[PDB]
Ligand SMILES: Cc1ccnc(S(N)(=O)=O)n1
Ligand SMILES: [Zn+2]
């Protein structure tokens, strides 16, 4: 599977039939249809002890991985029951500033989207968690092109060392708090992984406020490769799944 014409999103359902399922992601967020829930708790993002380990090009995106062997970087509150531990983040982005995000907002595409992936600690580890309907919480953050995000630069600068599929590099002491916007206002809905295996295990929490990154920063994302070392170059761009049918779901807002 990939993002090309012959193996991309419209093909995924053949190997992964859940692609046509009842709670797939991403979705368009219609901001006028979303229901304010005065009941939803504030989101709690506690990344003060987050310990990054490694950054990896997996042929689809790049992952910054975290040591999730203790409660160190956790998400709780909001729509969530219990505690979810950060395991990794990655991005989806476009070939042009006009596209790249997976979720859309009133059909607006952003230049990219950051996914901070967390697993429910009641299931003990990530592999067991993805088999559960409430196994994961993914915090999604839109990126627009404008002013630079200083806290992103350390990620940008290491991408030259992981240009091709399979390459990884040490990436310790990275603070994901530098990737967060001011506001934690959010939309939330039940959905899925947005890449194969497309498992319907995610509580999505999508922040309303985008972060700004510079054109130069996102241009460096676009220098990555889908292919491995020594292979014909295919730029890693447009690694986003388009919006899927909302079906029997309601998107809730934490704000009015
Ligand atoms: C870890 C993982 C696998 C597949 N998809 C996702 S995503 N894009 O839904 O966050 N994350
Ligand atoms: Zn993702």
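The numbering of chain A matches Swiss-Prot: 5-260, in order.
How was it done? The header gives X-ray crystallography, 1.2 Å.
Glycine is no exception: its Cβ is also placed from the backbone N, Cα and C atoms.
According to Swiss-Prot:
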type	residues	note
SITE	7	site 'Fine-tunes the proton-transfer properties of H-64'
SITE	62	site 'Fine-tunes the proton-transfer properties of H-64'
ACT_SITE	64	active site, proton donor/acceptor
SITE	67	site 'Fine-tunes the proton-transfer properties of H-64'
BINDING	94, 96, 119	Zn(2+) binding site
MOD_RES	165	phosphoserine
MOD_RES	172	phosphoserine
BINDING	198, 199	substrate binding site
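Known features from Swiss-Prot, placed on the structure.
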{"residue": "7", "record": "site 'Fine-tunes the proton-transfer properties of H-64'", "CB count, 10 Å": "19"}
{"residue": "62", "record": "site 'Fine-tunes the proton-transfer properties of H-64'", "CB count, 10 Å": "14"}
{"residue": "64", "record": "active site, proton donor/acceptor", "CB count, 10 Å": "17"}
{"residue": "67", "record": "site 'Fine-tunes the proton-transfer properties of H-64'", "CB count, 10 Å": "21"}
{"residue": "94", "record": "Zn(2+) binding site", "CB count, 10 Å": "20"}
{"residue": "96", "record": "Zn(2+) binding site", "CB count, 10 Å": "26"}
{"residue": "119", "record": "Zn(2+) binding site", "CB count, 10 Å": "24"}
{"residue": "165", "record": "phosphoserine", "CB count, 10 Å": "13"}
{"residue": "198", "record": "substrate binding site", "CB count, 10 Å": "23"}
{"residue": "199", "record": "substrate binding site", "CB count, 10 Å": "22"}
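The Cβ of residue 172 (phosphoserine) has 16 other Cβ atoms within 10 Å, all protein chains considered. DSSP assigns residue 172 (phosphoserine) to a strand segment in the three-state reduction. Selection of the recorded positions 7, 64, 119, 165, 198 by a Cβ distance under 6 Å from ligand 2 yields, in sequence order, 119, 198.
With respect to their backbone Cα atoms, residue 67 (site 'Fine-tunes the proton-transfer properties of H-64') and residue 94 (Zn(2+) binding site) stand 5 Å from each other.
Each of 65, 93, 95, 106, 117, 118, 198 belongs to the same chain as 94, 96, 119, is absent from that list, and has a C-beta within 8 angstroms of the C-beta centroid marking the Zn(2+) site. Comparing the Cα of residue 172 (phosphoserine) with the Cα of every entry in 64, 96, 119, 198, 199, these being the recorded positions, the smallest distance points to 64. For ligand 1, the recorded positions lying close by, meaning a CB under 6 A from one of its atoms, are 119; the full candidate list was 7, 67, 94, 96, 119, 165.
The two recorded residues residue 94 (Zn(2+) binding site) and residue 7 (site 'Fine-tunes the proton-transfer properties of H-64') have their Cα atoms spaced 16 Å from each other. Note on proximity: of the recorded positions 64, 96, 119, 198, 199, the one nearest residue 165 (phosphoserine) is 64, by Cα distance. Ranking the recorded positions 62, 64, 119 by Cα distance from residue 199 (substrate binding site) puts 64 first. Residue 96 (Zn(2+) binding site) and residue 62 (site 'Fine-tunes the proton-transfer properties of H-64') have their C-alpha atoms 13 Å apart, to the nearest angstrom. Distance between Cα atoms for residue 198 (substrate binding site) and residue 7 (site 'Fine-tunes the proton-transfer properties of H-64'): 12 Å, as a whole number.
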